[PDB]
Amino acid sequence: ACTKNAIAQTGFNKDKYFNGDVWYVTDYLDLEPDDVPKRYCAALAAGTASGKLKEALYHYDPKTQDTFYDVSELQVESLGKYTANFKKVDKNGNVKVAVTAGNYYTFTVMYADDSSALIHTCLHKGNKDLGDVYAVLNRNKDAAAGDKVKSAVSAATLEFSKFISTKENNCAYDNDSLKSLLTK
């Protein structure tokens, strides 16, 4: 179960975050650590498409090869805090698993600047969830976490030393698919 009410960044700049570009997960922390693998690749695009607030997600387990994309429509709870449906799609946006009420994630932007961010998500897939997940994001897939984002981790009363890096997994991303999926 999820246990955290993540606080959104004071003065969050929504248009900069949701600009249509890609964010890579460089480091992650699940508060129920066994809920997810120890080696992971994830990225997202976030933007407004024809007036609608959207995210496109990519997950890849570098050991099993399990791969999936999702297209999400975000509803606003407050500035920087969203509830997202999700539909599982192929990389071209064709629906594999349709939207359904019980399949949603919350998404809170705790810190962001032009290059880096700290987010919280709580996934619900039916009666289950995947624990609280925190993710450090960067615009550059290879960037080590800098002082702005590490300080934000501290300000959330978390320890960056506990976060697991994605950098040693040979992660390769289809940026074109993530951008195009925003429209789907």
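Residues carry their position along the shown sequence, with the first being 1.
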On average, are the C-alpha B-factors higher in 125 to 133 or in 63 to 71? 125 to 133
Between 33 to 41 and 147 to 155 (mean CA B-factor, as deposited), the higher: 33 to 41
Selection by C-alpha B-factor (highest) of 110, 101, 79, 89: 101
Sorting the chain's CA B-factors, does residue 164 end up in the lowest, middle or highest third? middle
Chain thirds by Cα B factor, record data; residue 7 belongs to the middle
By its CA B factor, does residue 141 count among the lowest, middle or highest third of the modelled residues in the chain? highest
